[PDB]
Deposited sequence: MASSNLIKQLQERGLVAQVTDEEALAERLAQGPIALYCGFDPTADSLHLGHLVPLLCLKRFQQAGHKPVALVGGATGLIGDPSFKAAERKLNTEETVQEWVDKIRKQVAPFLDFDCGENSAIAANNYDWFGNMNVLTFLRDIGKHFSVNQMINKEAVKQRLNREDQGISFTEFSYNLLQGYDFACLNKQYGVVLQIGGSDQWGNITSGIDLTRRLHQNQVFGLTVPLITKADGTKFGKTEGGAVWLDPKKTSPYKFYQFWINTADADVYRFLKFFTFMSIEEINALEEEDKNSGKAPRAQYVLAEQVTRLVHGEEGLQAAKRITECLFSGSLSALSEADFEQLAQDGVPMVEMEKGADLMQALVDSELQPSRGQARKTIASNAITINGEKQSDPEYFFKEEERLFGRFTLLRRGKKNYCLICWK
């Protein structure tokens, strides 16, 4: 059972009429969908959870539909959000829609026969729908009594300051109608998404019945709570660098790593169980984090992205910046380590103070005399030192390190 496999990965929060849905999956290929609203330049890690689930369904022969909310992004999903969001402009939303559509596409196969993926956009049907048609044909099927009691919006109806507009209150009906549109258009019988989307999904199941007299299903994937109780890292490399992305996975807590392998990679459950059991009986610290980091970093940023993240990680730890490119240095200045902008000619002592690495020039004196300051890796032990011109690599980068762990990159101006 595909559903059963997803359960042992931890990827099933809830599922409507599980026995019927499972019989439909065993019967043959179904079509399913997940929606993504455009609220930013790019998706982030959280979005991968249902997005990679679409691919898991496709790998079992089913047909995934990835919807971008061209219309619903002009409305705003309130589900489990504490505060009303400001409306975005049509112009901004459209540019975001195109970027998110192009981000989604490489994660699904658009060329594998009958079950090839489909890109969709609900603006196609909401852009020409009259309000009276929407109020009558769709709105009559919704009880405000039930709507105001849904978990996703209940808390917004406590105090009026942090209330909810009629605009965001109507969102649930737009996403409901989406399910009925994709049912009629492509035979979609399953919608998946995170557990916050449950109420938006069941509205689409019910409305699809009332409108199209068809039985469809929903399945939710979990929202991740870390083992310690906690929870942004974008897929766009110009927002989160491949090096920062890689390091984020490297620092995964021991109690989260195997679950995260299940959620964010396509490693078999057997290989994941073998890794956990190797980590268990080996008398060393876990190595799973390195496996997770390579896996997801290659997935999102490719082999080139992976090797650059490794190369930077290696040089930062070794002290040898000779391997690094200019582009490698640009990731460091974006994301990887704290940075400052100093005009050339400064001595190493005033380098430490201005970056908030050393408090005073007198403290920098003893710090530099104690052989505790590296410059691009090579020890420099004398206070009165100035940077040689060769040390400013690619004309604009030198990397300070106090002790072993404290970094600042100076981007000379």
{"query": "Unmodelled ranges, which are counted on the deposited sequence from position 1 and given in order", "finding": "1 to 4, 236 to 242"}
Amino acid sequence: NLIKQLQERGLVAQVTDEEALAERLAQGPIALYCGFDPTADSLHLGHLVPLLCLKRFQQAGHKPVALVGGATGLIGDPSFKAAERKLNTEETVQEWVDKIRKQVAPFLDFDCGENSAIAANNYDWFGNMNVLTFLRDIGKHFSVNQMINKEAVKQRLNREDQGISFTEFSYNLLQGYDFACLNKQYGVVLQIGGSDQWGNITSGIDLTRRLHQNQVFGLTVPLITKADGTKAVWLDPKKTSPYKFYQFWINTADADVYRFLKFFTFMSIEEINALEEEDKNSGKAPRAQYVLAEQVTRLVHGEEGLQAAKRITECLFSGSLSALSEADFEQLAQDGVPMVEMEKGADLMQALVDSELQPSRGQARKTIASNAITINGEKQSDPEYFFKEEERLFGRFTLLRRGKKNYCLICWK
From here on, numbers count along this sequence of modelled residues.
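Rigid core (definition): largest C-alpha set, two forms, superposition within 1.5 Å.
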item	value
RMS CA shift, core-fitted in 4 other deposited structures of this protein, bigger for 344 to 352 or for 49 to 57	344 to 352
Between stretches 269 to 277 and 72 to 80, more displaced by Cα RMS in 4 other deposited structures of this protein (rigid core superposition)	269 to 277
Gap at residue 286 across at least one third of the other PDB entries	yes
280 to 288 set against 75 to 83, stretch whose average Cα temperature factor tops the other in the entry	280 to 288
Segment of higher mean CA temperature factor, 308 to 316 or 243 to 251	308 to 316
Residue with maximal Cα B-factor (values as given in the PDB entry) among 40, 352, 34, 53	352
Among 46, 29, 70, 383 - the residue whose C-alpha B-factor is largest in the record	383
Record-listed C-alpha B factor of residue 340: chain third	highest
Chain-wide C-alpha B factor ranking for residue 231, given as lowest, middle or highest third	highest
Cα B factor band for residue 12 (lowest, middle or highest third within the chain)	lowest
CA B-factor placement of residue 200, once the chain's modelled residues are sorted into thirds	lowest
For residue 110, the third of its chain into which the C-alpha B factor falls	middle
